[PDB]
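The chain below stands alone and is given in structure tokens; this is the form deposited in one PDB entry.
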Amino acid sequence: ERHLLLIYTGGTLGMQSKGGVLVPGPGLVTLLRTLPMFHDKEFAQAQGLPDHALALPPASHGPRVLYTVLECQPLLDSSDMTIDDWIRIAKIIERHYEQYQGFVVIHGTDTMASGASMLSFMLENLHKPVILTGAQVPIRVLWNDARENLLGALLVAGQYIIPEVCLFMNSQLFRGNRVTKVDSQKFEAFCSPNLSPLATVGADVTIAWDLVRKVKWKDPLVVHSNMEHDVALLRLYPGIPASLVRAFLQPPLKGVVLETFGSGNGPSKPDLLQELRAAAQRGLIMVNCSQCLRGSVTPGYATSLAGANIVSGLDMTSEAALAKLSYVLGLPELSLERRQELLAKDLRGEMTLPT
């Protein structure tokens, strides 16, 4: 038997209509108990099993999977989530870490990439699966993606030792700090543009063990709740004025992700470049990411943004760059130079270095 904790934080998967719009919906365990694919009553009764704990039917091979449902209060639309909410989730996993073999987190899709990236950094030396999932349609609506998404998450966390924060949707498992939301309506809502999926589900389960990170049983779980809140993301657009960038980078901002064009380029008008220098001199750290979905920041043009306090983000997603920026800036007693060196290193599989 393997025991999982299922953390319900909110999002479309549980949602209910109310006033003609979707809002977060309570009473998940009550529903799941009535669904044979989520709960084997026969096995639970013949094991006089705790009434708070559910049991999946047997799968083909492997151990049996049991799980407990922790429903947070209040439940949130993921659009309203912030760094504090993701810290609370990390703390729930810390508190219950020893009692369970894996974790599944039900989450809204709107900011799921940000949440997976954050938790990836907060949960240092993680040894157990933390699988995020969600749905474009609520589980109470008849025709939905939620049933198969939730079941798959539980089976993956239940049956495999993948020690990463991942995202499971639409029969695929992605590295959490590598995903981005690409479609607002289709069930194939997420994409891992610069890395293969960690796993694919069909008849067979195919896992890329060559990519999955190795369990460091030696080192204990450290949960970083000291994340810098004053970080931002700024998308460059053609002709963005120096005066607007000056205003955006004012104190108390400590770090910013600049989303630049193509292979990492921006306008070279000197007054704009001057505001970036000025901000560097005040101590701001800047990471350069590409607005493009696929590919890497690379020098090579007269317009490439490099220099004073500007670290290349290589092929990182913006969601990951931002979370990493928050992590590194929150570490205590480091120099500006040391902080940039950490930003330029692959800390959780979020970044591919060249040769």
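Here, rigid core means the biggest group of C-alpha atoms that superpose within 1.5 Å across both forms. Shifts are known only where both forms have a C-alpha. Numbering starts at 1 and runs along the sequence shown.
Beyond what is shown, the protein has a form deposited in another entry; the following relates to that form.
**Student:** Which residue moves between this form and the one not shown, judged by a Cα shift of 2 Å or more on the rigid core: 31, 53, 308, 70?
**Tutor:** Correct option: 308.
**Student:** Compare the position of the CA of residue 18 between this form and the one not shown after a rigid core fit and state whether the shift reaches 2 Å.
**Tutor:** Result for residue 18: yes, a 2 Å-plus shift.
**Student:** Residue 324 and residue 303: do their C-alpha atoms lie closer or farther in the other entry than in the form you see, with a change of 3 Å or more?
**Tutor:** Closer, not farther.
**Student:** Mind checking the CA-CA distance of residue 260 and residue 301 in the other entry? It differs by 3 Å or more from this form, so is it closer or farther?
**Tutor:** Closer together, which means the C-alphas of residue 260 and residue 301 are at least 3 Å nearer in the other entry.
**Student:** Listed by sequence position, which runs of three or more consecutive residues have C-alpha shifts of 2 Å or more between this form and the one not shown, the rigid core held fixed?
**Tutor:** 17 to 21, 299 to 308 are the stretches that shift between this form and the one not shown.
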